[PDB]
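Data from structure22.cif: mmCIF, C-alpha atoms and all ligand atoms
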data_run
loop_
_atom_site.label_atom_id
_atom_site.label_comp_id
_atom_site.auth_asym_id
_atom_site.auth_seq_id
_atom_site.Cartn_x
_atom_site.Cartn_y
_atom_site.Cartn_z
CA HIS A 1 -16.20 12.37 4.82
CA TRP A 2 -12.42 12.09 4.76
CA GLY A 3 -10.47 12.46 1.55
CA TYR A 4 -7.41 14.19 0.14
CA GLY A 5 -8.83 17.64 -0.55
CA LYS A 6 -8.03 20.93 1.17
CA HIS A 7 -10.96 20.64 3.56
CA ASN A 8 -10.97 16.88 4.19
CA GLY A 9 -7.36 15.92 3.56
CA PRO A 10 -4.65 14.36 5.80
CA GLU A 11 -4.32 17.43 8.05
CA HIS A 12 -8.02 17.14 8.95
CA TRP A 13 -8.21 13.41 9.68
CA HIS A 14 -7.23 13.73 13.35
CA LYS A 15 -10.59 15.31 14.14
CA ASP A 16 -12.55 12.12 13.44
CA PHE A 17 -9.60 9.79 13.96
CA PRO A 18 -7.47 11.08 16.88
CA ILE A 19 -5.00 8.23 16.42
CA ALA A 20 -3.79 10.27 13.43
CA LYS A 21 -1.41 11.92 15.91
CA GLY A 22 -0.48 8.58 17.46
CA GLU A 23 2.84 6.98 18.40
CA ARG A 24 3.22 4.67 15.38
CA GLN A 25 1.62 6.37 12.40
CA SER A 26 2.46 5.69 8.75
CA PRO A 27 3.89 6.48 6.32
CA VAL A 28 7.32 7.71 7.42
CA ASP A 29 10.46 8.98 5.77
CA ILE A 30 13.05 6.22 5.59
CA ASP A 31 16.44 7.75 6.44
CA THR A 32 18.68 5.15 4.82
CA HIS A 33 21.76 6.17 6.77
CA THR A 34 19.94 5.87 10.11
CA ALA A 35 18.28 2.56 9.24
CA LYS A 36 20.25 -0.34 10.70
CA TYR A 37 20.86 -3.85 9.37
CA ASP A 38 19.12 -6.40 11.59
CA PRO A 39 20.68 -9.91 11.68
CA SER A 40 17.66 -11.28 13.56
CA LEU A 41 15.51 -10.85 10.46
CA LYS A 42 14.73 -14.17 8.78
CA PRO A 43 14.53 -14.55 4.99
CA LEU A 44 11.41 -12.88 3.58
CA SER A 45 9.03 -15.34 1.93
CA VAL A 46 6.52 -14.15 -0.66
CA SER A 47 4.38 -17.06 -1.83
CA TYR A 48 1.86 -15.81 -4.39
CA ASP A 49 1.72 -18.80 -6.77
CA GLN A 50 -1.72 -19.84 -5.48
CA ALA A 51 -3.11 -16.29 -5.41
CA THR A 52 -6.74 -16.00 -6.49
CA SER A 53 -7.90 -12.52 -7.46
CA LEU A 54 -11.64 -11.94 -7.61
CA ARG A 55 -12.47 -8.36 -8.51
CA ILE A 56 -11.29 -4.77 -8.69
CA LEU A 57 -13.11 -1.94 -6.91
CA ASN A 58 -12.96 1.86 -7.00
CA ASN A 59 -13.66 2.76 -3.36
CA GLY A 60 -13.48 6.51 -3.87
CA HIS A 61 -9.98 6.72 -2.39
CA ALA A 62 -8.08 4.27 -4.61
CA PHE A 63 -8.84 0.96 -6.33
CA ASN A 64 -8.49 -2.42 -4.63
CA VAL A 65 -7.65 -5.67 -6.38
CA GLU A 66 -9.27 -8.16 -4.00
CA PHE A 67 -8.24 -11.76 -3.41
CA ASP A 68 -9.99 -14.82 -2.03
CA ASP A 69 -8.45 -15.11 1.44
CA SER A 70 -10.71 -17.91 2.69
CA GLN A 71 -7.79 -20.34 2.40
CA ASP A 72 -4.01 -20.18 2.82
CA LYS A 73 -2.95 -19.49 -0.76
CA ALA A 74 -1.08 -16.21 -1.26
CA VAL A 75 0.94 -15.62 1.90
CA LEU A 76 3.77 -13.49 3.27
CA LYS A 77 6.09 -14.99 5.89
CA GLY A 78 9.57 -14.52 7.30
CA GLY A 79 11.45 -11.27 7.62
CA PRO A 80 10.27 -9.53 10.82
CA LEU A 81 7.07 -11.57 10.75
CA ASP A 82 6.06 -14.29 13.16
CA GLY A 83 3.57 -16.69 11.64
CA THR A 84 1.72 -16.45 8.34
CA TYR A 85 0.05 -13.39 6.84
CA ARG A 86 -2.56 -13.86 4.12
CA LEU A 87 -2.97 -11.53 1.13
CA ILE A 88 -6.38 -9.86 1.06
CA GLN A 89 -5.92 -7.03 -1.45
CA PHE A 90 -3.52 -4.60 -3.06
CA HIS A 91 -3.90 -1.00 -4.16
CA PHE A 92 -1.77 2.00 -5.02
CA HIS A 93 -1.29 5.63 -4.05
CA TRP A 94 -0.13 8.04 -6.74
CA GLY A 95 0.30 11.68 -7.62
CA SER A 96 -0.86 14.25 -10.13
CA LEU A 97 2.72 14.49 -11.44
CA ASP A 98 5.61 11.99 -11.62
CA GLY A 99 7.50 13.87 -8.90
CA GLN A 100 5.10 12.88 -6.14
CA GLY A 101 2.71 10.09 -5.24
CA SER A 102 4.38 7.69 -2.83
CA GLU A 103 3.50 7.69 0.87
CA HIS A 104 6.81 6.46 2.22
CA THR A 105 9.82 8.48 1.14
CA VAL A 106 13.49 7.50 0.97
CA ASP A 107 15.82 10.19 2.27
CA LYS A 108 12.89 12.52 1.55
CA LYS A 109 12.65 11.35 -2.07
CA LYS A 110 9.09 10.90 -3.32
CA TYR A 111 8.38 8.27 -5.96
CA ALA A 112 5.60 8.51 -8.57
CA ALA A 113 3.46 5.92 -6.80
CA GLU A 114 3.45 3.19 -4.19
CA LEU A 115 1.95 -0.30 -4.30
CA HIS A 116 0.52 -1.78 -1.11
CA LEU A 117 -0.03 -5.52 -0.81
CA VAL A 118 -2.14 -5.96 2.32
CA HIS A 119 -1.99 -9.12 4.45
CA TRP A 120 -3.54 -10.17 7.75
CA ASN A 121 -2.11 -12.41 10.48
CA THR A 122 -3.88 -15.76 10.22
CA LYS A 123 -3.57 -16.36 13.96
CA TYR A 124 -6.45 -13.89 14.31
CA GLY A 125 -8.96 -15.69 12.10
CA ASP A 126 -10.01 -12.76 9.91
CA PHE A 127 -9.12 -9.22 8.87
CA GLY A 128 -11.60 -7.61 11.26
CA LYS A 129 -10.12 -9.33 14.31
CA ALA A 130 -6.59 -8.72 13.03
CA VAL A 131 -7.07 -4.94 13.04
CA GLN A 132 -7.63 -5.11 16.79
CA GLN A 133 -4.10 -6.46 17.28
CA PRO A 134 -0.68 -4.73 17.37
CA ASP A 135 0.65 -7.36 14.94
CA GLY A 136 -2.52 -7.96 12.97
CA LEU A 137 -1.37 -6.77 9.56
CA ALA A 138 1.63 -6.79 7.27
CA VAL A 139 1.76 -4.48 4.29
CA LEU A 140 4.38 -4.98 1.60
CA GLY A 141 5.14 -1.63 0.05
CA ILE A 142 6.72 -1.24 -3.36
CA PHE A 143 7.75 2.03 -4.99
CA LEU A 144 6.88 2.90 -8.57
CA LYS A 145 9.07 5.09 -10.76
CA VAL A 146 8.28 6.23 -14.30
CA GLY A 147 10.33 4.70 -17.09
CA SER A 148 9.91 1.36 -18.86
CA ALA A 149 6.46 -0.23 -18.76
CA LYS A 150 5.66 -2.99 -16.26
CA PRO A 151 4.11 -5.81 -18.32
CA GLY A 152 2.52 -7.41 -15.28
CA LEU A 153 0.63 -4.20 -14.52
CA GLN A 154 -1.09 -3.74 -17.88
CA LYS A 155 -4.05 -6.00 -17.08
CA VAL A 156 -4.83 -3.72 -14.14
CA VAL A 157 -4.44 -0.60 -16.26
CA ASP A 158 -6.76 -1.87 -19.00
CA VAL A 159 -9.64 -2.56 -16.62
CA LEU A 160 -9.61 0.89 -15.01
CA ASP A 161 -11.95 2.34 -17.64
CA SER A 162 -14.67 0.03 -16.28
CA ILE A 163 -14.35 1.31 -12.70
CA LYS A 164 -13.89 5.02 -13.34
CA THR A 165 -16.09 6.21 -10.48
CA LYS A 166 -16.58 5.53 -6.78
CA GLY A 167 -18.56 2.39 -6.04
CA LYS A 168 -17.84 0.69 -9.36
CA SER A 169 -16.34 -2.80 -9.45
CA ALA A 170 -15.48 -5.35 -12.12
CA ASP A 171 -14.64 -9.04 -12.20
CA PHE A 172 -10.87 -9.41 -12.03
CA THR A 173 -9.89 -13.05 -11.84
CA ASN A 174 -6.62 -14.83 -12.53
CA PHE A 175 -4.43 -11.78 -11.96
CA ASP A 176 -0.94 -12.80 -10.80
CA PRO A 177 0.56 -10.30 -8.31
CA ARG A 178 4.01 -11.83 -8.82
CA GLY A 179 4.24 -9.66 -11.93
CA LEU A 180 4.39 -6.53 -9.77
CA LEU A 181 7.43 -7.54 -7.75
CA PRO A 182 10.92 -6.15 -8.36
CA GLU A 183 13.96 -8.42 -8.69
CA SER A 184 15.29 -7.84 -5.17
CA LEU A 185 13.49 -8.42 -1.87
CA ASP A 186 15.86 -6.16 0.11
CA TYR A 187 13.67 -4.12 2.45
CA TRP A 188 13.24 -1.77 5.39
CA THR A 189 10.80 -2.61 8.15
CA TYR A 190 9.19 -0.80 11.05
CA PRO A 191 5.95 -0.91 13.09
CA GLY A 192 3.29 1.44 11.77
CA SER A 193 -0.33 1.95 10.81
CA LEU A 194 -2.88 2.02 8.05
CA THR A 195 -2.19 5.17 6.02
CA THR A 196 -5.90 5.89 5.56
CA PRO A 197 -8.66 6.30 8.16
CA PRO A 198 -9.17 4.62 10.59
CA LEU A 199 -5.34 4.78 10.70
CA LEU A 200 -5.20 1.71 12.96
CA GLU A 201 -1.75 0.97 14.39
CA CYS A 202 -1.63 -2.90 13.47
CA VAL A 203 0.80 -2.87 10.73
CA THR A 204 4.26 -4.30 10.32
CA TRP A 205 5.54 -2.38 7.31
CA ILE A 206 7.91 -4.05 4.87
CA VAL A 207 9.04 -1.57 2.22
CA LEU A 208 11.15 -2.86 -0.66
CA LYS A 209 14.23 -0.85 -1.58
CA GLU A 210 14.10 -1.62 -5.30
CA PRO A 211 11.29 0.21 -7.09
CA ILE A 212 9.50 -1.23 -10.10
CA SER A 213 9.33 0.86 -13.24
CA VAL A 214 6.03 1.62 -14.94
CA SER A 215 5.45 3.65 -18.08
CA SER A 216 4.18 7.20 -18.23
CA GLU A 217 1.13 5.90 -20.10
CA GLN A 218 0.37 3.38 -17.36
CA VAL A 219 0.40 5.94 -14.53
CA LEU A 220 -1.47 8.43 -16.70
CA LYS A 221 -4.35 5.96 -16.79
CA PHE A 222 -4.31 5.79 -12.97
CA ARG A 223 -4.86 9.55 -13.09
CA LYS A 224 -7.99 9.21 -15.22
CA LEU A 225 -9.88 7.56 -12.38
CA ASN A 226 -12.39 9.57 -10.34
CA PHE A 227 -12.83 10.16 -6.59
CA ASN A 228 -16.46 11.01 -7.35
CA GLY A 229 -19.32 8.67 -8.11
CA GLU A 230 -21.05 8.28 -11.47
CA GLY A 231 -22.96 11.33 -12.70
CA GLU A 232 -21.14 13.71 -10.35
CA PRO A 233 -18.71 16.53 -11.24
CA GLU A 234 -15.33 15.06 -12.14
CA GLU A 235 -12.65 15.08 -9.47
CA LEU A 236 -9.63 13.22 -10.80
CA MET A 237 -8.26 10.56 -8.47
CA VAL A 238 -4.74 11.92 -8.03
CA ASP A 239 -2.53 12.67 -5.02
CA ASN A 240 -4.30 10.10 -2.87
CA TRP A 241 -1.27 9.81 -0.58
CA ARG A 242 -0.67 10.70 3.06
CA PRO A 243 2.60 12.54 3.77
CA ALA A 244 5.35 11.28 6.09
CA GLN A 245 4.44 11.22 9.78
CA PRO A 246 6.63 11.59 12.91
CA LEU A 247 8.89 8.59 13.43
CA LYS A 248 8.69 9.11 17.19
CA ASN A 249 9.98 6.17 19.24
CA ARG A 250 10.74 3.84 16.34
CA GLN A 251 13.76 2.44 14.54
CA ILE A 252 13.73 1.40 10.91
CA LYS A 253 15.55 -1.89 10.33
CA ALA A 254 17.19 -3.00 7.09
CA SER A 255 17.25 -6.57 5.79
CA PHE A 256 20.54 -5.89 4.01
CA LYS A 257 24.01 -4.54 4.71
ZN ZN A 301 -2.17 2.02 0.90
#

Take the structure from the file and write it as C-alpha cells.
Ligand SMILES: [Zn+2]
Amino acid sequence: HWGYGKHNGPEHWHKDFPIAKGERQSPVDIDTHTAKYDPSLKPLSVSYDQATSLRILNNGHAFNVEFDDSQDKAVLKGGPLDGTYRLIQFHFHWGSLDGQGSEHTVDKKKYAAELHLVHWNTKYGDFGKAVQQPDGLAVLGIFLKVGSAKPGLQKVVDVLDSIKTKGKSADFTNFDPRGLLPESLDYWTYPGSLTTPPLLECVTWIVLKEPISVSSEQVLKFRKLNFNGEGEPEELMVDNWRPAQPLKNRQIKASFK
C-alpha cells in the first residue's frame, strides 16, 4: 500500500486517492509576507490539563500517542475555530537528516520535524463522522528544530524501543502534551487536509510560528524506528513527510501582526 518510498510515495498517492490533487490539500508552504493578520481571529485556547494518554502505536507510517477522547478533557478552542475540538492523538513527521522532515514549510524553509496534535469537532459526535465534514478536524502543528533537548519529549523517546516495528503498541499513560508546546501561541491558519491517505479535506490547520527545540539524540531515536513489521528487512522510519502542495484558492491568515 501507500508509503513514502519511490514506488509508493506522495507522488503515487493520487492513483488510489484522487483527492490528492484536490483544492485544499496539505501541507503547504507558508509565505510569511503574503500571510495576513486577521483581527476576526479569537484568542487560541489550548486546554490540555485534563489530557489522558492511553498508549503509543507504531502504525507503519509514524507513531501515534493516543488519548481517551470519550469525554471533554483535552480540547482546542478559539482562534479560527467555532466550537470545541477534542484531542484524539498526536504524532510527528521527520527526516533522515536535520535539514528536512517537516511537512509545512515557512518561506520554503524545512524544519527537522513537525508535531501534529489531532482534534475532532465535538459537534459531530466522533472522529469518523467528523471526517465527513469540511470543518470536522483541527490539527495543531508545531515545528521541531535541532538544538537543546525538550524535557517534555523524553518520555516519548524512551518508549520508542518498545514499538520499533509496524503494529507494535505499548501502554503510555499519564503523558502530558503541554510539555511539547512552545512559549508563544502565535500561529498561521488555513483550511486544508490530512497529509496522509485518505487525504480528507476536513482540516482547519493551525501552525505555530515558534518551533520547539529538541536534541540531536532525541530525533536520532525517532530515526531508529521501522516502517516494516517485526521479522522483516529493516526499513528505517525516516522522511515520512509529504511535500508542500498547491495553495490554490486559499489565503493563509496570521494571528499576529
Ligand atoms: Zn501528521

Practice task
Grab me every residue within 12 Å of ligand ZN 301 (chain A), counting only C-alpha atoms and all ligand atoms, and send it over as a ChimeraX atom specification.
Solution key: /A:26-27,61-65,89-94,101-104,113-119,138-143,193-197,199,203,205,207,240-243

Practice task
Within 12 Å of residue 33 (chain A), counting all atoms listed in the file, which residues show up once you throw out same-chain ones fewer than 2 positions away? Write them as a PyMOL selection string, please.
Solution key: chain A and resi 29-31+35-37+106-107+188+251-254+257

Exercise for the section: Mind giving me the straight-line distance from CA of residue 163 (chain A) to CA of residue 235 (chain A) in Å, one decimal? Expected result: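 Going from CA of residue 163 (chain A) over to CA of residue 235 (chain A), I get 14.2 Å.
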
Completion exercise
The distance between CA of residue 214 (chain A) and CA of residue 237 (chain A) is 18.1 Å

Problem - Atom pair CA of residue 215 (chain A) / CA of residue 233 (chain A): separation (Å) - result: 28.2 Å

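Shortest separation to residue 165 (chain A) among A:217, A:232, A:186, A:201 occurs at residue A:232, atoms counted being all atoms listed in the file.
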
Handout entry: Which residue of A:228, A:59, A:132, A:45 approaches residue 85 (chain A) most closely, using all atoms listed in the file
Key =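 Of A:228, A:59, A:132, A:45, the one nearest residue 85 (chain A) is A:45, counting all atoms listed in the file.
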
Please provide the set of residues having any atom within 12 Å of region 120-126 of chain A, restricted to all atoms listed in the file, with same-chain residues fewer than 6 positions apart removed, written as an mmCIF file with C-alpha atoms, in the frame of the given file.
data_model
loop_
_atom_site.group_PDB
_atom_site.id
_atom_site.type_symbol
_atom_site.label_atom_id
_atom_site.label_comp_id
_atom_site.auth_asym_id
_atom_site.auth_seq_id
_atom_site.Cartn_x
_atom_site.Cartn_y
_atom_site.Cartn_z
ATOM 1 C CA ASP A 69 -8.450 -15.110 1.440
ATOM 2 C CA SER A 70 -10.710 -17.910 2.690
ATOM 3 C CA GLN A 71 -7.790 -20.340 2.400
ATOM 4 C CA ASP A 72 -4.010 -20.180 2.820
ATOM 5 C CA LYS A 73 -2.950 -19.490 -0.760
ATOM 6 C CA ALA A 74 -1.080 -16.210 -1.260
ATOM 7 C CA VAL A 75 0.940 -15.620 1.900
ATOM 8 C CA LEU A 76 3.770 -13.490 3.270
ATOM 9 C CA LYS A 77 6.090 -14.990 5.890
ATOM 10 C CA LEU A 81 7.070 -11.570 10.750
ATOM 11 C CA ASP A 82 6.060 -14.290 13.160
ATOM 12 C CA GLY A 83 3.570 -16.690 11.640
ATOM 13 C CA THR A 84 1.720 -16.450 8.340
ATOM 14 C CA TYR A 85 0.050 -13.390 6.840
ATOM 15 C CA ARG A 86 -2.560 -13.860 4.120
ATOM 16 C CA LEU A 87 -2.970 -11.530 1.130
ATOM 17 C CA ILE A 88 -6.380 -9.860 1.060
ATOM 18 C CA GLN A 89 -5.920 -7.030 -1.450
ATOM 19 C CA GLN A 132 -7.630 -5.110 16.790
ATOM 20 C CA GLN A 133 -4.100 -6.460 17.280
ATOM 21 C CA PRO A 134 -0.680 -4.730 17.370
ATOM 22 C CA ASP A 135 0.650 -7.360 14.940
ATOM 23 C CA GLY A 136 -2.520 -7.960 12.970
ATOM 24 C CA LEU A 137 -1.370 -6.770 9.560
ATOM 25 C CA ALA A 138 1.630 -6.790 7.270
ATOM 26 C CA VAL A 139 1.760 -4.480 4.290
ATOM 27 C CA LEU A 140 4.380 -4.980 1.600
ATOM 28 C CA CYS A 202 -1.630 -2.900 13.470
ATOM 29 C CA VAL A 203 0.800 -2.870 10.730
ATOM 30 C CA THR A 204 4.260 -4.300 10.320
ATOM 31 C CA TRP A 205 5.540 -2.380 7.310
#

Exercise for the section: Dump as an MDAnalysis selection string all residues having an atom at most 12 Å from (2.9, 9.9, -14.8), computed in the file's coordinates with all atoms listed in the file. Expected result: chainID A and resid 94:101 111:113 144:149 213:224 238:239

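With distances restricted to only C-alpha atoms, A:212 is the closest residue to residue 153 (chain A) from A:185, A:212, A:51, A:206.
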
Exercise for the section: Give me the residues within 9 Å of residue 184 (chain A) as a ChimeraX atom specification, counting only C-alpha atoms and dropping any in the same chain fewer than 6 places off. Expected result: /A:208-210

Practice task
Tell me, as a list in words, which residues lie within 10 Å of region 170-174 of chain A, counting only C-alpha atoms; anything in the same chain fewer than 6 positions away does not count.
Solution key: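 So, after excluding close chain neighbours, the residues are residues 50, 51, 52, 53, 54, 55, 56, 57, 58, 65, 66, 67, 68, 155, 156, 159, 160, 162 and 163 of chain A.
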
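Among A:129, A:21, A:108, A:248, the residue with the shortest atom-to-atom distance to residue 191 (chain A), counting only C-alpha atoms, is A:248.
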
Practice task
Can you work out which one of A:179, A:229, A:10, A:18 has the shortest atom-to-atom distance to residue 244 (chain A), counting all atoms listed in the file?
Solution key: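 Using all atoms listed in the file, residue 244 (chain A) sits closest to A:10.
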
The centre and edge lengths of an axis-aligned box containing all atoms of region 163-175 of chain A present in the file, extended by 3 Å on each side, are to be given in Å to one decimal, as JSON.
{"center_x": -11.5, "center_y": -4.3, "center_z": -9.7, "size_x": 20.1, "size_y": 27.0, "size_z": 13.3}

Completion step: region 106-119 of chain A with N, CA and C atoms as an mmCIF file, in the frame of the given file:
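Result saved to out-v4.cif:
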data_model
loop_
_atom_site.group_PDB
_atom_site.id
_atom_site.type_symbol
_atom_site.label_atom_id
_atom_site.label_comp_id
_atom_site.auth_asym_id
_atom_site.auth_seq_id
_atom_site.Cartn_x
_atom_site.Cartn_y
_atom_site.Cartn_z
ATOM 1 N N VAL A 106 12.165 8.031 0.682
ATOM 2 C CA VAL A 106 13.490 7.500 0.970
ATOM 3 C C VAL A 106 14.443 8.677 0.955
ATOM 4 N N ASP A 107 14.937 9.038 2.136
ATOM 5 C CA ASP A 107 15.820 10.190 2.270
ATOM 6 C C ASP A 107 15.089 11.388 1.674
ATOM 7 N N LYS A 108 13.797 11.462 1.991
ATOM 8 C CA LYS A 108 12.890 12.520 1.550
ATOM 9 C C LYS A 108 12.486 12.475 0.082
ATOM 10 N N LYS A 109 12.986 11.486 -0.653
ATOM 11 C CA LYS A 109 12.650 11.350 -2.070
ATOM 12 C C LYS A 109 11.268 10.738 -2.225
ATOM 13 N N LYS A 110 10.440 11.379 -3.046
ATOM 14 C CA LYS A 110 9.090 10.900 -3.320
ATOM 15 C C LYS A 110 9.080 10.196 -4.669
ATOM 16 N N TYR A 111 8.489 9.009 -4.711
ATOM 17 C CA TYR A 111 8.380 8.270 -5.960
ATOM 18 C C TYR A 111 7.033 8.623 -6.589
ATOM 19 N N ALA A 112 6.832 8.207 -7.837
ATOM 20 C CA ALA A 112 5.600 8.510 -8.570
ATOM 21 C C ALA A 112 4.368 7.815 -7.996
ATOM 22 N N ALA A 113 4.571 6.662 -7.373
ATOM 23 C CA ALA A 113 3.460 5.920 -6.800
ATOM 24 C C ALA A 113 3.986 4.860 -5.853
ATOM 25 N N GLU A 114 3.072 4.218 -5.138
ATOM 26 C CA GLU A 114 3.450 3.190 -4.190
ATOM 27 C C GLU A 114 2.376 2.112 -4.159
ATOM 28 N N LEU A 115 2.818 0.870 -4.311
ATOM 29 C CA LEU A 115 1.950 -0.300 -4.300
ATOM 30 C C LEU A 115 1.909 -0.887 -2.896
ATOM 31 N N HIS A 116 0.704 -1.196 -2.432
ATOM 32 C CA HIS A 116 0.520 -1.780 -1.110
ATOM 33 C C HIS A 116 -0.174 -3.122 -1.195
ATOM 34 N N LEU A 117 0.539 -4.180 -0.828
ATOM 35 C CA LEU A 117 -0.030 -5.520 -0.810
ATOM 36 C C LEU A 117 -0.355 -5.762 0.657
ATOM 37 N N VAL A 118 -1.651 -5.815 0.957
ATOM 38 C CA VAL A 118 -2.140 -5.960 2.320
ATOM 39 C C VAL A 118 -2.398 -7.395 2.752
ATOM 40 N N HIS A 119 -1.841 -7.769 3.904
ATOM 41 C CA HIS A 119 -1.990 -9.120 4.450
ATOM 42 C C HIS A 119 -2.394 -9.082 5.913
#
